[PDB]
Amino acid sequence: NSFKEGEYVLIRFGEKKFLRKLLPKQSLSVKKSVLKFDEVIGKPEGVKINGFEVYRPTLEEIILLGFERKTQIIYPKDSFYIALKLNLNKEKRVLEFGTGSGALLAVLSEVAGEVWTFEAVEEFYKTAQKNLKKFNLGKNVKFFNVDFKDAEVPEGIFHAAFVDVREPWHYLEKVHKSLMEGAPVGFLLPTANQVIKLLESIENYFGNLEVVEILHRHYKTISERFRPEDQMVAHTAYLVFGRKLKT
């Protein structure tokens, strides 16, 4: 299959990546160098045109460059670890809230058998849906435009849960009840205060606790001057993991 028009492509030029829809007679220009989308439409993946390499985007590239952000997203750095740390596969059901823009959801969807997501704000609920539908994702996802505390969530049936909210300690009882015995949970908390607060509240519900931070550092890809890049993302969030306690 060759490059069709109207489809989103990943363009590499120098150190930088670009995501662009292949619309006729439109172009990408970067520092005097021009790539015309008309020369791309009809070519295979991995073509080199005037210094521009063109491919179809991966899941990581789709999330980072394709997804509209109406809220703070969970980056692949974290979500690629989270999905598999939650011990997910195609035999498993996972609970997520809040959906936000669907950045974590896209990864949970790709790994798990079934996802139930909850998002209180209607705008973000529509945005996450749009994001995933746009890139052919989320066919195993049930979206709910409701506050998790008000939702009717089937008790004792989820193989895992992941919580991304400001104050997750207000939802611990219900999350606990939604899960199967011994099931993994994960929490995303940007702040140390939130983590301390969650650790104060979690003891009745989840054991085998783990808190981890993930750092990625990229390197220059030039052979003769191999070294780390000048800057890196320093922090996205503390990741909190546990396992359901019987009670």
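Don't overthink the numbering: it's just position in the shown sequence, from 1.
On average, which has the higher Cα B-factor in the deposited entry, 146-154 or 82-90?
For C-alpha atoms only, the mean B-factor is higher in 146-154.
If you take the mean CA temperature factor per stretch, which one wins between 108-116 and 167-175?
Stretch with the greater average CA B-factor: 167-175.
Have a look at 37, 187, 219, 55 and flag the one whose Cα has the highest B-factor in the entry.
It is 37.
Quick one: classify residue 73 as lowest, middle or highest third of the chain based on its Cα B-factor.
It falls in the middle third of the chain.
Residue 192: which third of its chain by C-alpha temperature factor?
Its C-alpha B-factor belongs to the lowest third of this chain's values.
Select lowest, middle or highest to describe the third in which the CA B-factor of residue 60 falls within its chain in this entry.
Answer is middle: the recorded C-alpha B-factor places it there.
Rank-wise, by C-alpha B-factor, drop residue 224 into the lowest, middle or highest third of its chain.
For residue 224, the deposited C-alpha B-factor lands in the middle third.
Using the B-factors in the PDB entry, rank residue 121's C-alpha atom against the chain and give the third, lowest, middle or highest.
Its C-alpha B-factor belongs to the highest third of this chain's values.
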